Amino acid sequence: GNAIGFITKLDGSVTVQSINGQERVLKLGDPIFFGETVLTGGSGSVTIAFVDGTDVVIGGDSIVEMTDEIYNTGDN
């Protein structure tokens, strides 16, 4: 898997379920890859700055998978 973005802001309890269903803990500056399922808890808040130029923010006690709707590429 290729790293599609990187953490620039992070807060609360967070985890990411990589495409094997492997839950990895996230910290600032961690690489986000296409297909992982982010798992935030309580006061979770994360900013994933995509390597295309866009960013993203994840809420708390929320779950979202890093997909195309997530990573809207401007170039290609």
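## Structural notes on the overall build of the chain
When helices and strands are counted, the chain shows 0 helices and 6 strands. Taking 76 residues into account, the globule formula puts the C-alpha radius of gyration at 11 Å, and the chain, at 11 Å, falls close to it. If one aligns the C-alpha atoms of the chain with their principal axes, the spans along those axes are about 35 × 25 × 20 Å. Sorting the 76 residues of the chain into buried and exposed places 36% on the buried side. Look at the contacts in the chain between residues 6 or more apart in sequence, and 45% of them connect residues 24 or more apart.

## Considerations on the pattern of salt bridges
All told, the structure shown has 3 salt bridges when counted by the stated rule. A salt bridge links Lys 9 to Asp 11, with the shortest nitrogen-to-oxygen separation between them at 2.7 Å. On the basis of relative accessible area, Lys 9 is assigned to the partly exposed category, the value being 40%. For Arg 24, the salt bridge identified is with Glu 36, shortest N-O distance 2.8 Å. Residue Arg 24 is found in strand 2 (residues 23-25), and its partner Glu 36 is found in the loop between strand 3 (31-33) and strand 4 (37-50); the two are separated by 12 residues along the sequence. Residue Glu 36 is classed as buried on the basis of its relative accessible area, which comes to 3%.

## A look at unusual backbone geometry
Not every positive phi belongs to a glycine, and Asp 61 is a case in point at roughly 55°. Looking at the element boundaries, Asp 61 is found in the loop between strand 5 (57-58) and strand 6 (63-65). Here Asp 61 falls in the exposed class, since its relative accessible area comes to 60%.

About the cut-offs
Residues numbered from 1 in each chain as written, not as in the entry; some residues may be left out. Heavy atoms only, no water. Helix = DSSP H or I, 4+ residues; strand = E, 2+ residues; numbered from the N terminus. Rg over C-alpha atoms; globule rule 2.2 N^0.38 Å. Buried < 20%, exposed > 50% of the residue type's maximum accessible area, 1.4 Å probe, protein only. Contact = heavy atoms within 4.5 Å. Salt bridge = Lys/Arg side-chain N within 4 Å of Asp/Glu carboxyl O.

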